[PDB]
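K.L.:
Sequence positions in the sequence shown follow the deposited numbering and run 1 to 61, 65 to 218. Note that the Cβ used here is the ideal one computed from N, Cα and C, for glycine as well. If you scroll down you'll find the structure; I have some questions about it.
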Amino acid sequence: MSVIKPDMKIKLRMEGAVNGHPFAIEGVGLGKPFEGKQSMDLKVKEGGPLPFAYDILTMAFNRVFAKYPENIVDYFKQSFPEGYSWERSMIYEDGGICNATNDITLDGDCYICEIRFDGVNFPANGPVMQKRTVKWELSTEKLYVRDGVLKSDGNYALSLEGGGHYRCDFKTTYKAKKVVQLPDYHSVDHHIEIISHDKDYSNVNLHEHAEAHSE
């Protein structure tokens, strides 16, 4: 409402590991919460060059940046200034599994994001460790309430170099840090795109566009 302004800043840090390889990434960005658009620059600070496909990280790098119509309750904009956190599992069809958490606070007009990301069991000759992902397809997140918190599922797909898709199931729990009104069942369509990158993805610009709907 009054704390959500049309243009807001983003600071984040992610620490994590993939198949035991640790790394850390920092980012700064800008977003438009009511238009559902955001953009961010990300720099690898430790563990570079990353030995795995960057695309498994990008949806971990905040549903306040989503366009919500009048007739759908917006769990995320209500939760500020105190904010919310999420917990997420990402189960890839070849057995790679990633867990992640994000804790989101608001300092003035700047969202502060603290991310932990941990992936295991990616096969050495699979598309993640061989880096042959191209992009995520448009992703439809389905959100529902259970036990007083907000959950969501998605059946997402990375298109691969040489063709074919690489499927991943997402399971997220969102936890507001104060009592807010709970929404009914609805969807959010997500388009995420790596806009720019250097040699080894040590510098990446990332863009997201997202809108909610229920009919």
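By DSSP, does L50 sit in helix, in strand, or in coil?
P.N.:
It is coil, neither helix nor strand.
K.L.:
DSSP three-state label for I56, please.
P.N.:
Looking at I56 - three-state DSSP - the assignment turns out to be helix.
K.L.:
State the start and end residues of the unbroken beta strand (DSSP E) segment that holds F120.
P.N.:
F120 -> beta strand (DSSP E) spans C113 to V123.
K.L.:
For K180 and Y54, what's the separation of their Cα atoms in angstroms?
P.N.:
Cα to Cα, the separation comes out at about 30 Å.
K.L.:
Which residue's Cα is closest to the Cα of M93: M59, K5, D106 and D110?
P.N.:
Out of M59, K5, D106 and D110, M59 has the C-alpha closest to the C-alpha of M93.
K.L.:
Could you say which of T108, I56 and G167 lies nearest to residue 63 if we only look at CA atoms?
P.N.:
Residue numbering in the chain breaks between 61 and 65, and residue 63 falls inside that break, so it has no position here.
K.L.:
Given a cut-off of 9 Å on the beta-carbon distance, is the pair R119 and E15 in contact?
P.N.:
Yes, the pair counts as a contact, with Cβ atoms nearer than the cut-off.
K.L.:
Helix, strand or coil for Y147, going by three-state DSSP, please let me know.
P.N.:
Strand, per DSSP.
K.L.:
Check whether the Cβ atoms of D121 and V18 lie closer than 9 Å to each other.
P.N.:
Cβ distance < 9 Å, so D121 and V18 count as in contact.
K.L.:
Less than 9 Å between the beta carbons of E214 and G36, yes or no?
P.N.:
It is a contact, given that the beta carbons lie within the stated cut-off.
K.L.:
For the candidate residues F52, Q38, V44 and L42, whose alpha-carbon lies nearest to that of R66?
P.N.:
Of the listed residues, the one whose Cα sits closest to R66 is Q38.
K.L.:
What is the DSSP secondary structure of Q184, counted as helix, strand or coil?
P.N.:
Residue state, collapsed to three classes: coil.
K.L.:
For the 8 Å Cβ check, are there 3 or more pairs between the region 141-156 and the region 182-200?
P.N.:
With the cut-off at 8 Å, the region 141-156 and the region 182-200 touch.
K.L.:
Can you tell me which of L42, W139, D112 and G99 puts its alpha carbon nearest to the alpha carbon of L12?
P.N.:
The candidate whose alpha carbon is nearest that of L12 is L42.
K.L.:
Would you check if the distance between the CB atom of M8 and the CB atom of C113 is smaller than 9 Å?
P.N.:
Result yes, Cβ atoms of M8 and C113 sit closer than 9 Å.
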